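K.L.:
Below is a structure I'd like to ask you about.
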Amino acid sequence: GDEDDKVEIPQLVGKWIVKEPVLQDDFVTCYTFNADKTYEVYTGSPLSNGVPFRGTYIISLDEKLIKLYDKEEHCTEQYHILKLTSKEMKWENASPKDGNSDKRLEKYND
């Protein structure tokens, strides 16, 4: 489709469920970035989900790198941008030292 299978900037700010592949312990998460402000995530839910996380984000084009920051601004995750499409996002771990997670975000399949 019309510019609709490429690394668009605004195509990030949709919903994205991490749930492909999915972990054990019934761990399930959706990232929801904002257009140019903030992010939300949630991981855990052993019994309920009602206390989200939210923080700020940073991108740069230099080596197509993206690093999210807490409400204590001390970073928390860093991963490589392989590709973005309408319904595909590939966050390569990139830093096998820090503990980042290489899955395949395939939108939020509500």
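All residue names refer to the structure tokens as shown: chains lettered A, B, ... in order, residues numbered from 1 in each chain, ligands numbered from 1 in order.
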Stretch 90-101 of chain A: which residues within 12 Å, counting only C-alpha atoms, same-chain residues fewer than 2 positions away excluded, as a PyMOL selection string?
P.N.:
chain A and resi 7+12+16+18+20-23+31+63-68+75-85+87-88+103-107
K.L.:
Take the residues that were just selected and, keeping N, CA and C atoms, output them as a compact mmCIF listing (two decimals), in the first residue's frame.
P.N.:
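Output contents, as saved in result_4.txt:
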```
# COMPACT_ATOMS: atom_id res chain seq x y z
N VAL A 7 9.10 1.99 7.30
CA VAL A 7 9.51 2.60 8.55
C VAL A 7 9.00 4.05 8.60
N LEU A 12 4.29 4.37 14.36
CA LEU A 12 4.61 3.84 15.68
C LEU A 12 3.44 3.99 16.66
N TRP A 16 0.25 -1.99 20.13
CA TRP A 16 1.12 -3.09 19.76
C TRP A 16 1.13 -4.11 20.89
N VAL A 18 2.67 -7.36 22.57
CA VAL A 18 3.94 -8.12 22.56
C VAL A 18 3.68 -9.60 22.27
N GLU A 20 3.35 -12.26 20.65
CA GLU A 20 3.78 -12.98 19.46
C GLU A 20 5.31 -12.82 19.36
N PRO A 21 6.09 -13.85 19.71
CA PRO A 21 5.67 -14.98 20.53
C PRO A 21 5.32 -14.54 21.95
N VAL A 22 4.61 -15.39 22.70
CA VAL A 22 4.18 -15.11 24.07
C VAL A 22 4.88 -16.03 25.06
N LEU A 23 5.19 -15.46 26.22
CA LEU A 23 5.90 -16.07 27.33
C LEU A 23 4.98 -17.02 28.11
N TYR A 31 2.34 -2.44 24.42
CA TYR A 31 2.92 -1.10 24.34
C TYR A 31 1.90 -0.21 23.62
N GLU A 63 21.87 5.22 14.07
CA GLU A 63 21.92 3.78 13.81
C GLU A 63 20.54 3.14 14.03
N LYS A 64 19.46 3.93 13.95
CA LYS A 64 18.07 3.49 14.06
C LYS A 64 17.88 2.76 15.39
N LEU A 65 18.05 3.51 16.47
CA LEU A 65 18.13 3.04 17.85
C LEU A 65 17.02 3.76 18.63
N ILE A 66 16.43 3.10 19.62
CA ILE A 66 15.32 3.63 20.39
C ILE A 66 15.44 3.14 21.84
N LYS A 67 15.31 4.05 22.81
CA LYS A 67 15.60 3.82 24.23
C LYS A 67 14.53 4.49 25.09
N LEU A 68 13.77 3.70 25.85
CA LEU A 68 12.68 4.20 26.69
C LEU A 68 13.21 4.50 28.10
N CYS A 75 16.93 5.41 32.06
CA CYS A 75 16.64 4.39 31.05
C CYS A 75 16.17 3.04 31.62
N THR A 76 15.64 2.16 30.79
CA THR A 76 15.14 0.87 31.26
C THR A 76 15.28 -0.19 30.17
N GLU A 77 14.99 0.17 28.91
CA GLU A 77 15.08 -0.74 27.79
C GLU A 77 15.74 -0.01 26.64
N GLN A 78 16.43 -0.74 25.76
CA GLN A 78 16.98 -0.20 24.53
C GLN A 78 16.82 -1.30 23.49
N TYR A 79 16.36 -1.01 22.26
CA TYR A 79 16.33 -2.03 21.22
C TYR A 79 16.50 -1.44 19.82
N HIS A 80 16.89 -2.29 18.87
CA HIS A 80 17.10 -1.87 17.49
C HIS A 80 15.79 -1.90 16.74
N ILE A 81 15.60 -0.88 15.91
CA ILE A 81 14.50 -0.82 14.98
C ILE A 81 14.95 -1.58 13.74
N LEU A 82 14.44 -2.79 13.52
CA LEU A 82 14.64 -3.46 12.23
C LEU A 82 13.72 -2.81 11.20
N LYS A 83 12.41 -2.97 11.39
CA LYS A 83 11.38 -2.48 10.48
C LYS A 83 10.12 -2.13 11.27
N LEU A 84 9.28 -1.31 10.65
CA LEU A 84 7.92 -0.95 11.03
C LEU A 84 7.12 -1.10 9.76
N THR A 85 5.90 -1.60 9.87
CA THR A 85 4.87 -1.46 8.85
C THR A 85 3.55 -1.07 9.52
N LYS A 87 1.38 -3.15 10.36
CA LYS A 87 1.01 -4.20 11.32
C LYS A 87 2.19 -5.10 11.69
N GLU A 88 3.44 -4.65 11.53
CA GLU A 88 4.65 -5.41 11.86
C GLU A 88 5.62 -4.43 12.53
N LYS A 103 11.16 -10.14 20.21
CA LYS A 103 9.89 -10.78 19.80
C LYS A 103 9.43 -10.17 18.47
N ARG A 104 8.14 -10.26 18.10
CA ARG A 104 7.67 -9.67 16.85
C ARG A 104 6.29 -9.02 17.00
N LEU A 105 6.27 -7.73 17.35
CA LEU A 105 5.06 -6.96 17.65
C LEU A 105 4.22 -6.93 16.38
N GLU A 106 2.99 -7.46 16.41
CA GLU A 106 2.17 -7.60 15.20
C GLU A 106 0.83 -6.88 15.37
N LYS A 107 0.91 -5.63 15.84
CA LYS A 107 -0.20 -4.78 16.22
C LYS A 107 -0.94 -5.30 17.44
```
K.L.:
Any idea what's packed within 9 Å of residue A:36, counting only C-alpha atoms, ignoring anything in its chain fewer than 3 positions away? Could you give it as a PyMOL selection string?
P.N.:
chain A and resi 10+13+33+57
K.L.:
Which distance in Å separates atom CA of residue A:1 and atom CA of residue A:86, to one decimal?
P.N.:
9.3 Å
K.L.:
I want to know what sits within 7 Å of residue A:27, based on only C-alpha atoms, with residues of the same chain fewer than 4 positions away left out; could you give that as a VMD selection string?
P.N.:
chain A and resid 23 43 to 45
K.L.:
Those same residues, written as a short mmCIF file (atom, residue, chain, number, x, y, z; two decimals), in the first residue's frame with N, CA, C and O atoms?
P.N.:
```cif
data_model
loop_
_atom_site.label_atom_id
_atom_site.label_comp_id
_atom_site.auth_asym_id
_atom_site.auth_seq_id
_atom_site.Cartn_x
_atom_site.Cartn_y
_atom_site.Cartn_z
N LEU A 23 5.19 -15.46 26.22
CA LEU A 23 5.90 -16.07 27.33
C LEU A 23 4.98 -17.02 28.11
O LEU A 23 3.77 -17.10 27.89
N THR A 43 3.63 -5.21 32.28
CA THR A 43 4.05 -6.61 32.28
C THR A 43 3.94 -7.13 33.71
O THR A 43 4.28 -6.44 34.67
N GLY A 44 3.44 -8.35 33.81
CA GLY A 44 3.15 -9.07 35.04
C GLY A 44 1.84 -9.76 34.81
O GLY A 44 1.74 -10.71 34.03
N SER A 45 0.82 -9.21 35.43
CA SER A 45 -0.51 -9.73 35.59
C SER A 45 -0.52 -11.21 36.00
O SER A 45 -0.94 -12.04 35.20
#
```
K.L.:
As a PyMOL selection string, list the residues of chain A assigned to strand (DSSP E) by DSSP on the backbone atoms of this structure.
P.N.:
chain A and resi 15-17+30-33+39-41+53-60+65-69+77-84+89-92
K.L.:
Would you compute the distance between atom CA of residue A:14 and atom CA of residue A:61? Give it in Å to one decimal.
P.N.:
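Value for the atom CA of residue A:14-atom CA of residue A:61 distance: 19.9 Å.
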K.L.:
Counting only C-alpha atoms, which residue out of A:41, A:62, A:55, A:46 sits closest to residue A:74?
P.N.:
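Closest to residue A:74, using only C-alpha atoms: A:55.
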K.L.:
Expressed in Å to a single decimal, how great is the separation between atom CA of residue A:48 and atom CA of residue A:35?
P.N.:
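Here the two named atoms are 28.0 Å from each other.
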K.L.:
Could you check which of A:51, A:89, A:29, A:56 is closest to residue A:9, using only C-alpha atoms?
P.N.:
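Once distances to residue A:9 are computed over only C-alpha atoms, the minimum belongs to A:89.
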